[PDB]
Amino acid sequence: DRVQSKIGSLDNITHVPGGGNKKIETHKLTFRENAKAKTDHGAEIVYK
Amino acid sequence: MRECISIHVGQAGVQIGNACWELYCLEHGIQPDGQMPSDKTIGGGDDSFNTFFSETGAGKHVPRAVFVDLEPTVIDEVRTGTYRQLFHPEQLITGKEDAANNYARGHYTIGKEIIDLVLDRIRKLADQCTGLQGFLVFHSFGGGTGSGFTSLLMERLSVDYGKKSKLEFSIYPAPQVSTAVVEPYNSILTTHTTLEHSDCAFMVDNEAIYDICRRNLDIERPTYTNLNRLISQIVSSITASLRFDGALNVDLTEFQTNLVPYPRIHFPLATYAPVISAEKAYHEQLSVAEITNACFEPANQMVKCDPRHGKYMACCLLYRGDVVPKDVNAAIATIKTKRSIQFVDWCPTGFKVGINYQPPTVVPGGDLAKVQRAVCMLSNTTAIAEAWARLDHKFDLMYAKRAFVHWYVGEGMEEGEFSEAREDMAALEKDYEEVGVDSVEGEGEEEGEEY
Amino acid sequence: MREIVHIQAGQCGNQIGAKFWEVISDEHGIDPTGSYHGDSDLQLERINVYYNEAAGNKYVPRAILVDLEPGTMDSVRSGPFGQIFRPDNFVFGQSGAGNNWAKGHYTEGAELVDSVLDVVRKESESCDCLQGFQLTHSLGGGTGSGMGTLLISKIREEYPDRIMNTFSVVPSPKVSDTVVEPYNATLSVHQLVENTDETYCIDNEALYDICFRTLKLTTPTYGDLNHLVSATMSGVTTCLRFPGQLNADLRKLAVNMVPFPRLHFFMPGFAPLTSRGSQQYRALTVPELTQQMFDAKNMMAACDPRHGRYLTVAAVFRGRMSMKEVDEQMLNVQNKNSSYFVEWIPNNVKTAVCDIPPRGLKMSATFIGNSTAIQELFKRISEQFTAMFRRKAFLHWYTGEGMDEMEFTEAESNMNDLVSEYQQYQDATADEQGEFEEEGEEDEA
Ligand SMILES: Nc1nc2c(ncn2[C@@H]2O[C@H](COP(=O)(O)OP(=O)(O)OP(=O)(O)O)[C@@H](O)[C@H]2O)c(=O)[nH]1
Ligand SMILES: Nc1nc2c(ncn2[C@@H]2O[C@H](COP(=O)(O)OP(=O)(O)O)[C@@H](O)[C@H]2O)c(=O)[nH]1
Ligand SMILES: [Mg+2]
């Protein structure tokens with residue numbers, strides 16, 4: 001194999017900063033991409 | 001309550017063993033007959049000496065250690081020296097003919113006859129442990145007992161003690177000085193074998209401690225009996241928490257949690273300070289930072305590969321006697337402010353620390369310095385790459401010319417083994433270069449927005 | 001009546017612990033062998049807060065004393081007051097940690113755990129109303145830090161309406177005494193932030209500058225730093241044990257200190273801090289306490305709190321003194337240093353006042369702060385964790401006691417969220433706009 005290093009010197013180099021995370025915010029926020037049926041909202045006057 | 005083993009292999013091991021055991025006796029107040037008629041104590045039980053000595057029904061202590069070379073002579077010397085009655089008769093283990101500086105005598109064709117007789121003595125010392133902590137094993141790379149059998153024993157300890165710490169203490173090859181012509185086969189055949197069976201592997205260099213002895217101990221005639229007495233001050237300082245109570249204790253299995261960043265990167269270099277003569281000791285007040293800064297000078301290292309040619313990466317830094325944690329705090333930070341002392345940017349946590357109340361003893365043999373406080377240190381660095389850069393090309397030259405290979409082969413080996421050992425030592429060459437990489441930045445990389 | 005258990009674990013936790021049970025033993029006239037011979041009957045009169053009563057008028061602390069090695073428990077029992085403790089409470093193991101938090105959390109500390117819980121049950125089934133449990137432990141160390149995580153987790157599951165308090169020794173701005181302290185710290189924050197009610201952050205660098213620059217100790221020892229922590233423990237727990245104008249227990253601190261059950265890591269302080277010649281050339285008043293106690297050097301973790309905003313404060317003052325004066329000074333700080341505090345919290349400070357000062361003092365004050373200024377410490381842990389983790393360094397020990405490598409990012413994402421959470425509430429005002437109209441466009445420019 002013509003020899004190489006054996007230590008895991010950079011094994012996590014695919015991950016990146018940081019140093020913060022999110023933040024949780026008023027503009028959505030509980031949703032998911034497949035929660036079907038149960039149409040809005042609001043009775044037949046607003047509207048059906 | 002807790003216990004450990006010491007093991008002394010080849011003519012380098014058995015002799016650094018005397019210095020260490022000379023000291024430990026003297027440090028604990030144990031005599032050359034194993035008695036301690038020494039302190040008018042009223043309480044007792046720890047007595048942390050029991051970690052290193054076995055007590056006898058009528059108060060003699062016996063060292064928890066084992067000796068080996070493959071001829072008697074170096075052992076007959078202890079056996080008839082001042083510690084005859086001190087050391088346990090059956091822990092002093094002997095062959096007939098020595099391994100000749102041939103690894104294959106030590107690992108393979110001779111080794112095989114006394115390995116299980118050592119292991120029997122060692123299982124019979126675990127039956128005296130109340131909790132076997134680990135093993136501290138003393139040799140040299142240049143001896144063929146010191147290389148071959150130390151690496152046989154590490155094969156065998158890494159099964160019978162597969163969880164416990166196997167800690168080595170090498171005389172490592174000097175840069176310009178040598179003690180065998182077959183020095184490179186030994187160094188690499190042992191290092192390739194222990195590179196999966198040992199936990200840590202600390203280095204001292206005779207070419208380095210000779211100059212410390214002429215320069216700063218101010219001695220004209222540094223013998224191996226004097227130099228092994230200086231090496232003993234590192235061993236007593238590294239074990240202090242397991243010998244005495246202290247402001248900040250360290251465990252047998254703590255060094256490697258802090259010093260070995262990746263399991264193959266296990267070559268921390270060793271040192272002591274302050275090294276003075278008694279007449280110099282009078283022109284130094286020796287405050288904690290003075291010892292610390294001195295302990296960081298390149299010409300003050302007990303390995304002669306210069307730290308000017310590498311980055312530091314992991315330290316453990318150990319203080320004895322009269323010492324204030326606030327002085328340690330500042331003096332450590334002083335060395336980090338001096339980032340001129342080159343260190344890897346990606347380990348600012350580069351230190352572990354330990355502070356022990358018990359001051360050092362000198363083994364008398366000259367005028368005595370009136371010591372108050374002392375420092376010892378283990379450092380992992382890429383200067384070790386500067387050391388190995390030659391020992392490696394020496395194995396390339398020897399092996400290309402096939403010089404001496406018929407002694408080793410005849411006595412239990414095949415050329416394919418000389419290839420594998422060197423191949424892994426070429427991987428290890430890239431390993432101490434990978435820990436020299438100034439790493440790339442990861443900040444400010446993103447995917448762009450989905451529509 | 002109202003009982004607390006104390007736990008002490010690893011080396012800094014047992015050493016701080018043997019200043020606590022020296023300081024409080026002495027504050028109560030407890031003898032070095034567990035006799036009582038004290039000089040005010042008030043001392044004896046709420047003794048059960050911290051003690052058991054044993055035969056022949058002997059007294060036993062609710063100390064639980066834990067370790068993975070046998071030496072600190074020799075050095076505490078050979079040590080002063082080592083005879084007040086009960087022998088069945090000395091549950092130390094046989095392995096160390098050797099700074100490995102996972103040797104704590106997954107293997108060896110997990111092997112002691114049932115035997116530590118055995119004395120946690122004994123002591124708590126022998127209380128009449130346990131409030132809580134106090135832990136002196138490490139954070140960047142291992143023997144305390146990795147026991148403490150699992151111990152709090154099981155306690156939180158056996159005792160879930162009892163209070164949970166932690167005296168943690170935090171990694172310092174210039175030095176480390178352990179290399180894996182970022183590992184030891186991040187991992188710990190994940191585990192604790194779900195199960196503590198209170199964590200104190202206590203810095204040896206912040207206490208050294210106190211001890212050397214304000215107390216003028218020529219030689220600051222751990223013995224002298226631990227005197228300060230035990231003064232702190234004593235101080236915030238005075239009203240449980242003695243009469244006072246305004247009494248407050250740990251559940252009464254909690255409710256003023258804790259705006260969201262995530263945001264409960266704090267900085268402490270004590271006052272007065274005074275050198276021996278300065279004791280002549282200073283005069284002790286409630287304003288003197290007040291001045292010194294919001295002063296940037298008096299802070300027992302390594303921040304100037306003017307870098308952020310106080311959300312909540314507590315002040316615990318001991319001795320005989322005007323409740324007018326202490327309201328007044330607290331008003332003055334809140335109004336002449338009003339920008340030190342966050343404004344979406346009004347009137348931001350709890351105060352409580354006890355009639356009994358520290359045995360060696362005329363009067364004293366003890367502060368606790370919740371501030372957005374100490375995020376710099378968690379930023380430091382997050383970056384210094386990254387300097388190890390981005391390279392896989394030291395990870396092979398944790399995985400060798402059999403932790404999962406993914407859990408590192410689970411704790412790191414939590415820390416990175418937590419440090420963002422203190423930052424997003426910093427000067428977290430409301431902002432408002434007015435609606436806008438226009439006139440008609442015309443041909444003329
Ligand atoms: N510092 C120091 N090193 C020593 C001492 N004795 C031997 N050595 C080292 O150990 C080697 C010399 O001793 P050897 O005779 O080779 O030891 P050995 O392992 O018994 O040799 P064989 O068994 O014959 O292979 C060299 O590598 C030396 O540098 C000693 O007292 N002091
Ligand atoms: N203030 C204080 N710090 C201590 C004391 N003992 C140790 N420390 C520090 O506390 C931290 C953790 O030490 P230790 O408890 O030994 O770690 P562990 O045993 O691995 O949990 C490091 O910063 C130590 O230097 C002590 O008596 N007081
Ligand atoms: Mg030999």
# chains A, B, ... in the order shown; residues from 1 in each chain; ligands from 1
call {"tool": "interface_residues", "arguments": {"of": "chain C", "to": "chain B", "cutoff": "10 Å", "atoms": "only C-alpha atoms", "output": "number ranges by chain"}}
result
C: 11-12, 15, 69-72, 74-75, 78, 94-100, 142, 171-182, 204-205, 207-209, 211-212, 218-223, 383-398, 400
call {"tool": "residues_around", "arguments": {"residues": "residue 24 in chain A", "least_positions_apart": "4", "cutoff": "12 Å", "atoms": "only C-alpha atoms", "output": "list in words"}}
result
residues 28, 29 and 30 of chain A; 417, 418, 420, 421, 424 and 425 of chain C
call {"tool": "write_last_selection", "arguments": {"atoms": "N, CA, C and O atoms", "output": "compact mmCIF listing (two decimals), in the first residue's frame"}}
result
# COMPACT_ATOMS: atom_id res chain seq x y z
N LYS A 28 -43.13 29.97 13.15
CA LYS A 28 -43.77 28.69 12.79
C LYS A 28 -44.51 28.10 14.01
O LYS A 28 -45.63 28.54 14.27
N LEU A 29 -43.99 27.19 14.84
CA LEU A 29 -42.77 26.36 14.73
C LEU A 29 -42.80 24.82 15.01
O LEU A 29 -41.78 24.15 14.98
N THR A 30 -43.99 24.23 15.24
CA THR A 30 -44.14 22.82 15.65
C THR A 30 -44.22 21.82 14.49
O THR A 30 -44.24 20.60 14.73
N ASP C 417 -26.75 25.35 21.98
CA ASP C 417 -28.08 25.89 22.27
C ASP C 417 -28.10 26.69 23.58
O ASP C 417 -28.54 27.83 23.57
N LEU C 418 -27.59 26.15 24.69
CA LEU C 418 -27.60 26.80 26.00
C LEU C 418 -26.89 28.16 25.96
O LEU C 418 -27.46 29.17 26.36
N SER C 420 -26.34 29.97 23.32
CA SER C 420 -27.24 30.81 22.52
C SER C 420 -28.47 31.27 23.31
O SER C 420 -28.94 32.38 23.10
N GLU C 421 -28.99 30.46 24.23
CA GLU C 421 -30.17 30.79 25.04
C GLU C 421 -29.89 31.93 26.02
O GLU C 421 -30.66 32.89 26.08
N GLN C 424 -29.62 35.00 23.63
CA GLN C 424 -30.84 35.53 22.97
C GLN C 424 -31.75 36.33 23.92
O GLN C 424 -32.45 37.23 23.46
N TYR C 425 -31.70 36.07 25.24
CA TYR C 425 -32.37 36.85 26.26
C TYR C 425 -31.62 38.07 26.75
O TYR C 425 -32.15 38.95 27.43
call {"tool": "select_by_dssp", "arguments": {"residues": "range 42-120 of chain C", "states": "helix (DSSP H, G or I)", "output": "mmCIF file with N, CA and C atoms, in the first residue's frame"}}
result
data_model
loop_
_atom_site.group_PDB
_atom_site.id
_atom_site.type_symbol
_atom_site.label_atom_id
_atom_site.label_comp_id
_atom_site.auth_asym_id
_atom_site.auth_seq_id
_atom_site.Cartn_x
_atom_site.Cartn_y
_atom_site.Cartn_z
ATOM 1 N N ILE C 47 -30.554 21.718 64.629
ATOM 2 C CA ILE C 47 -29.473 20.824 64.301
ATOM 3 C C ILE C 47 -29.853 19.804 63.230
ATOM 4 N N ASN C 48 -31.090 19.293 63.239
ATOM 5 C CA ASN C 48 -31.495 18.274 62.290
ATOM 6 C C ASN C 48 -31.424 18.776 60.861
ATOM 7 N N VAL C 49 -31.461 20.056 60.483
ATOM 8 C CA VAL C 49 -31.288 20.570 59.135
ATOM 9 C C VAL C 49 -30.158 19.836 58.437
ATOM 10 N N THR C 72 -8.279 9.859 49.686
ATOM 11 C CA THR C 72 -8.961 11.011 50.246
ATOM 12 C C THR C 72 -9.805 10.640 51.462
ATOM 13 N N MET C 73 -10.245 9.391 51.523
ATOM 14 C CA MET C 73 -11.032 8.975 52.672
ATOM 15 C C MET C 73 -10.188 8.575 53.882
ATOM 16 N N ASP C 74 -8.865 8.493 53.695
ATOM 17 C CA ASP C 74 -7.893 8.290 54.739
ATOM 18 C C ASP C 74 -7.474 9.668 55.235
ATOM 19 N N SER C 75 -7.183 10.533 54.265
ATOM 20 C CA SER C 75 -6.771 11.906 54.470
ATOM 21 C C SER C 75 -7.854 12.820 55.043
ATOM 22 N N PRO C 87 -19.049 5.800 59.839
ATOM 23 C CA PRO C 87 -18.319 4.868 58.999
ATOM 24 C C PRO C 87 -19.186 4.268 57.897
ATOM 25 N N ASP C 88 -20.465 3.984 58.103
ATOM 26 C CA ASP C 88 -21.218 3.373 57.023
ATOM 27 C C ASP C 88 -21.483 4.296 55.844
ATOM 28 N N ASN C 89 -21.038 5.549 55.910
ATOM 29 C CA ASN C 89 -21.239 6.528 54.869
ATOM 30 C C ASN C 89 -20.004 6.780 54.009
ATOM 31 N N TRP C 101 -14.325 10.998 32.650
ATOM 32 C CA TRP C 101 -15.728 11.110 32.993
ATOM 33 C C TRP C 101 -16.534 9.854 32.707
ATOM 34 N N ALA C 102 -16.238 9.104 31.648
ATOM 35 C CA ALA C 102 -16.906 7.874 31.264
ATOM 36 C C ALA C 102 -16.564 6.650 32.105
ATOM 37 N N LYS C 103 -15.424 6.651 32.793
ATOM 38 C CA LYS C 103 -15.017 5.640 33.750
ATOM 39 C C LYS C 103 -15.886 5.803 34.983
ATOM 40 N N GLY C 104 -16.240 7.045 35.330
ATOM 41 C CA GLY C 104 -17.349 7.537 36.109
ATOM 42 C C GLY C 104 -18.650 6.987 35.549
ATOM 43 N N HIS C 105 -19.207 7.575 34.490
ATOM 44 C CA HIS C 105 -20.577 7.423 34.047
ATOM 45 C C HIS C 105 -21.004 6.076 33.487
ATOM 46 N N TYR C 106 -20.133 5.285 32.847
ATOM 47 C CA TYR C 106 -20.446 4.035 32.171
ATOM 48 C C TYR C 106 -19.939 2.783 32.878
ATOM 49 N N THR C 107 -18.791 2.764 33.556
ATOM 50 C CA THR C 107 -18.203 1.518 33.990
ATOM 51 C C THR C 107 -18.040 1.413 35.492
ATOM 52 N N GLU C 108 -16.917 1.914 36.024
ATOM 53 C CA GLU C 108 -16.573 1.887 37.425
ATOM 54 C C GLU C 108 -17.456 2.657 38.411
ATOM 55 N N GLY C 109 -17.865 3.885 38.082
ATOM 56 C CA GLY C 109 -18.790 4.627 38.910
ATOM 57 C C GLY C 109 -20.163 3.978 38.846
ATOM 58 N N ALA C 110 -20.582 3.457 37.692
ATOM 59 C CA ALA C 110 -21.775 2.646 37.524
ATOM 60 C C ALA C 110 -21.733 1.358 38.329
ATOM 61 N N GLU C 111 -20.542 0.944 38.786
ATOM 62 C CA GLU C 111 -20.364 -0.217 39.643
ATOM 63 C C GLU C 111 -20.508 0.058 41.130
ATOM 64 N N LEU C 112 -20.084 1.244 41.559
ATOM 65 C CA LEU C 112 -20.379 1.760 42.886
ATOM 66 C C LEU C 112 -21.845 2.138 43.070
ATOM 67 N N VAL C 113 -22.551 2.639 42.050
ATOM 68 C CA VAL C 113 -23.799 3.370 42.116
ATOM 69 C C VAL C 113 -24.859 2.793 43.040
ATOM 70 N N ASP C 114 -25.172 1.503 43.052
ATOM 71 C CA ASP C 114 -26.097 0.812 43.931
ATOM 72 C C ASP C 114 -25.709 0.957 45.400
ATOM 73 N N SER C 115 -24.430 1.106 45.742
ATOM 74 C CA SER C 115 -23.887 1.183 47.082
ATOM 75 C C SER C 115 -23.848 2.598 47.654
ATOM 76 N N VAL C 116 -23.792 3.532 46.704
ATOM 77 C CA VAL C 116 -24.019 4.928 47.007
ATOM 78 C C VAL C 116 -25.501 5.207 47.241
ATOM 79 N N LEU C 117 -26.410 4.682 46.414
ATOM 80 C CA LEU C 117 -27.846 4.770 46.617
ATOM 81 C C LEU C 117 -28.350 4.126 47.894
ATOM 82 N N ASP C 118 -27.684 3.080 48.405
ATOM 83 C CA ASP C 118 -27.990 2.388 49.630
ATOM 84 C C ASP C 118 -27.866 3.355 50.791
ATOM 85 N N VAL C 119 -26.887 4.268 50.826
ATOM 86 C CA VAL C 119 -26.729 5.224 51.900
ATOM 87 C C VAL C 119 -27.599 6.433 51.590
ATOM 88 N N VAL C 120 -27.807 6.897 50.356
ATOM 89 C CA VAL C 120 -28.851 7.840 50.019
ATOM 90 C C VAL C 120 -30.242 7.391 50.444
#
call {"tool": "select_by_dssp", "arguments": {"residues": "range 21-186 of chain C", "states": "strand (DSSP E or B)", "output": "number ranges by chain"}}
result
C: 30, 35-36, 51-54, 58-61, 63-67, 92, 130-138, 163-169
call {"tool": "interface_residues", "arguments": {"of": "chain A", "to": "chain C", "cutoff": "6 Å", "atoms": "only C-alpha atoms", "output": "list in words"}}
result
residues 9, 10, 12, 13, 19, 20 and 21 of chain A
call {"tool": "residues_near_ligand", "arguments": {"ligand": "ligand 1", "cutoff": "9 Å", "atoms": "only C-alpha atoms and all ligand atoms", "output": "VMD selection string"}}
result
chain B and resid 9 to 16 68 to 71 74 97 to 103 105 to 106 139 to 149 170 to 174 178 to 180 183 204 to 206 209 223 to 228 231
call {"tool": "atom_distance", "arguments": {"atom1": "CA of residue 186 in chain C", "atom2": "CA of residue 8 in chain C"}}
result
21.0 Å
call {"tool": "interface_residues", "arguments": {"of": "chain A", "to": "chain B", "cutoff": "8 Å", "atoms": "only C-alpha atoms", "output": "ChimeraX atom specification"}}
result
/A:3-9,13,15-18
call {"tool": "residues_around", "arguments": {"residues": "residue 128 in chain C", "least_positions_apart": "2", "cutoff": "10 Å", "atoms": "only C-alpha atoms", "output": "ChimeraX atom specification"}}
result
/C:1-3,48,124-126,130-131
call {"tool": "write_last_selection", "arguments": {"atoms": "C-alpha atoms", "output": "PDB file, in the first residue's frame"}}
result
ATOM      1  CA  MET C   1     -38.303  19.388  60.169  1.00  0.00           C
ATOM      2  CA  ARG C   2     -36.499  20.506  56.958  1.00  0.00           C
ATOM      3  CA  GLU C   3     -33.565  18.269  56.131  1.00  0.00           C
ATOM      4  CA  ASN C  48     -31.495  18.274  62.290  1.00  0.00           C
ATOM      5  CA  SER C 124     -33.483  10.028  53.337  1.00  0.00           C
ATOM      6  CA  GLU C 125     -35.889   7.532  54.910  1.00  0.00           C
ATOM      7  CA  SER C 126     -34.452   8.933  58.176  1.00  0.00           C
ATOM      8  CA  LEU C 130     -36.031  16.099  53.139  1.00  0.00           C
ATOM      9  CA  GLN C 131     -35.979  19.225  50.963  1.00  0.00           C
TER      10      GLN C 131
END
call {"tool": "residues_around", "arguments": {"residues": "range 156-161 of chain B", "least_positions_apart": "3", "cutoff": "6 Å", "atoms": "only C-alpha atoms", "output": "list in words"}}
result
residues 153, 164 and 197 of chain B
call {"tool": "residues_around", "arguments": {"residues": "residue 136 in chain C", "least_positions_apart": "5", "cutoff": "7 Å", "atoms": "only C-alpha atoms", "output": "list in words"}}
result
residues 7, 8, 9, 13, 17, 166, 167 and 168 of chain C
call {"tool": "residues_around", "arguments": {"residues": "residue 128 in chain B", "least_positions_apart": "5", "cutoff": "12 Å", "atoms": "only C-alpha atoms", "output": "VMD selection string"}}
result
chain B and resid 1 to 5 50 to 56 62 to 65 121 to 123
call {"tool": "residues_around", "arguments": {"residues": "range 147-156 of chain C", "least_positions_apart": "3", "cutoff": "7 Å", "atoms": "only C-alpha atoms", "output": "PyMOL selection string"}}
result
chain C and resi 104-105+109+137+143-144+159-160+188+191-192+195
call {"tool": "atom_distance", "arguments": {"atom1": "CA of residue 35 in chain C", "atom2": "CA of residue 79 in chain C"}}
result
16.6 Å
call {"tool": "decode", "arguments": {"residues": "range 36-53 of chain B", "atoms": "N, CA, C and O atoms", "output": "PDB file, in the first residue's frame"}}
result
ATOM      1  N   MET B  36      11.554  -1.302  58.715  1.00  0.00           N
ATOM      2  CA  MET B  36      11.285   0.107  58.896  1.00  0.00           C
ATOM      3  C   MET B  36      11.221   0.381  60.397  1.00  0.00           C
ATOM      4  O   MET B  36      10.145   0.647  60.924  1.00  0.00           O
ATOM      5  N   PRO B  37      12.300   0.368  61.172  1.00  0.00           N
ATOM      6  CA  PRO B  37      12.419   0.801  62.546  1.00  0.00           C
ATOM      7  C   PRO B  37      12.426   2.315  62.729  1.00  0.00           C
ATOM      8  O   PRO B  37      13.118   2.836  63.609  1.00  0.00           O
ATOM      9  N   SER B  38      11.668   3.017  61.895  1.00  0.00           N
ATOM     10  CA  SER B  38      12.020   4.353  61.445  1.00  0.00           C
ATOM     11  C   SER B  38      11.181   5.545  61.893  1.00  0.00           C
ATOM     12  O   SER B  38      11.754   6.612  62.070  1.00  0.00           O
ATOM     13  N   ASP B  39       9.885   5.429  62.204  1.00  0.00           N
ATOM     14  CA  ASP B  39       9.092   6.568  62.630  1.00  0.00           C
ATOM     15  C   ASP B  39       8.169   6.124  63.758  1.00  0.00           C
ATOM     16  O   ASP B  39       7.605   5.038  63.666  1.00  0.00           O
ATOM     17  N   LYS B  40       8.086   6.871  64.863  1.00  0.00           N
ATOM     18  CA  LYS B  40       7.364   6.589  66.091  1.00  0.00           C
ATOM     19  C   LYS B  40       5.855   6.759  65.955  1.00  0.00           C
ATOM     20  O   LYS B  40       5.258   7.402  66.826  1.00  0.00           O
ATOM     21  N   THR B  41       5.289   6.208  64.881  1.00  0.00           N
ATOM     22  CA  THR B  41       3.890   6.278  64.522  1.00  0.00           C
ATOM     23  C   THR B  41       2.956   5.641  65.545  1.00  0.00           C
ATOM     24  O   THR B  41       3.315   4.646  66.169  1.00  0.00           O
ATOM     25  N   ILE B  42       1.719   6.145  65.551  1.00  0.00           N
ATOM     26  CA  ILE B  42       0.723   5.823  66.556  1.00  0.00           C
ATOM     27  C   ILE B  42      -0.554   5.403  65.827  1.00  0.00           C
ATOM     28  O   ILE B  42      -1.190   4.475  66.335  1.00  0.00           O
ATOM     29  N   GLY B  43      -0.840   6.051  64.703  1.00  0.00           N
ATOM     30  CA  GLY B  43      -1.780   5.534  63.726  1.00  0.00           C
ATOM     31  C   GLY B  43      -1.047   4.941  62.527  1.00  0.00           C
ATOM     32  O   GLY B  43       0.152   5.043  62.275  1.00  0.00           O
ATOM     33  N   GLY B  44      -1.850   4.217  61.744  1.00  0.00           N
ATOM     34  CA  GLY B  44      -1.296   3.608  60.557  1.00  0.00           C
ATOM     35  C   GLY B  44      -2.418   2.916  59.793  1.00  0.00           C
ATOM     36  O   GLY B  44      -3.592   2.846  60.152  1.00  0.00           O
ATOM     37  N   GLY B  45      -2.115   2.260  58.668  1.00  0.00           N
ATOM     38  CA  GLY B  45      -2.934   1.461  57.773  1.00  0.00           C
ATOM     39  C   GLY B  45      -2.855   1.895  56.312  1.00  0.00           C
ATOM     40  O   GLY B  45      -2.975   1.065  55.418  1.00  0.00           O
ATOM     41  N   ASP B  46      -2.756   3.203  56.049  1.00  0.00           N
ATOM     42  CA  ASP B  46      -2.246   3.739  54.799  1.00  0.00           C
ATOM     43  C   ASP B  46      -1.454   4.988  55.154  1.00  0.00           C
ATOM     44  O   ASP B  46      -2.009   6.054  55.418  1.00  0.00           O
ATOM     45  N   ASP B  47      -0.111   4.958  55.154  1.00  0.00           N
ATOM     46  CA  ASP B  47       0.742   3.826  54.835  1.00  0.00           C
ATOM     47  C   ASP B  47       0.687   3.364  53.384  1.00  0.00           C
ATOM     48  O   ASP B  47       0.390   2.217  53.061  1.00  0.00           O
ATOM     49  N   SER B  48       0.707   4.341  52.466  1.00  0.00           N
ATOM     50  CA  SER B  48       0.518   4.076  51.060  1.00  0.00           C
ATOM     51  C   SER B  48       1.647   3.306  50.385  1.00  0.00           C
ATOM     52  O   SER B  48       1.523   2.758  49.295  1.00  0.00           O
ATOM     53  N   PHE B  49       2.698   3.095  51.173  1.00  0.00           N
ATOM     54  CA  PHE B  49       3.795   2.182  50.913  1.00  0.00           C
ATOM     55  C   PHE B  49       3.364   0.761  50.578  1.00  0.00           C
ATOM     56  O   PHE B  49       3.870   0.162  49.629  1.00  0.00           O
ATOM     57  N   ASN B  50       2.307   0.268  51.227  1.00  0.00           N
ATOM     58  CA  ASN B  50       1.735  -1.015  50.886  1.00  0.00           C
ATOM     59  C   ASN B  50       1.364  -1.176  49.424  1.00  0.00           C
ATOM     60  O   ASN B  50       1.306  -2.317  48.975  1.00  0.00           O
ATOM     61  N   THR B  51       1.129  -0.095  48.670  1.00  0.00           N
ATOM     62  CA  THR B  51       0.947  -0.187  47.234  1.00  0.00           C
ATOM     63  C   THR B  51       2.145  -0.723  46.465  1.00  0.00           C
ATOM     64  O   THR B  51       1.872  -1.326  45.428  1.00  0.00           O
ATOM     65  N   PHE B  52       3.376  -0.673  46.993  1.00  0.00           N
ATOM     66  CA  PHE B  52       4.655  -0.963  46.392  1.00  0.00           C
ATOM     67  C   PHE B  52       5.348  -2.076  47.167  1.00  0.00           C
ATOM     68  O   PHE B  52       6.200  -2.755  46.588  1.00  0.00           O
ATOM     69  N   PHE B  53       5.051  -2.286  48.452  1.00  0.00           N
ATOM     70  CA  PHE B  53       5.653  -3.323  49.256  1.00  0.00           C
ATOM     71  C   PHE B  53       4.619  -4.280  49.834  1.00  0.00           C
ATOM     72  O   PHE B  53       3.500  -3.860  50.141  1.00  0.00           O
TER      73      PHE B  53
END
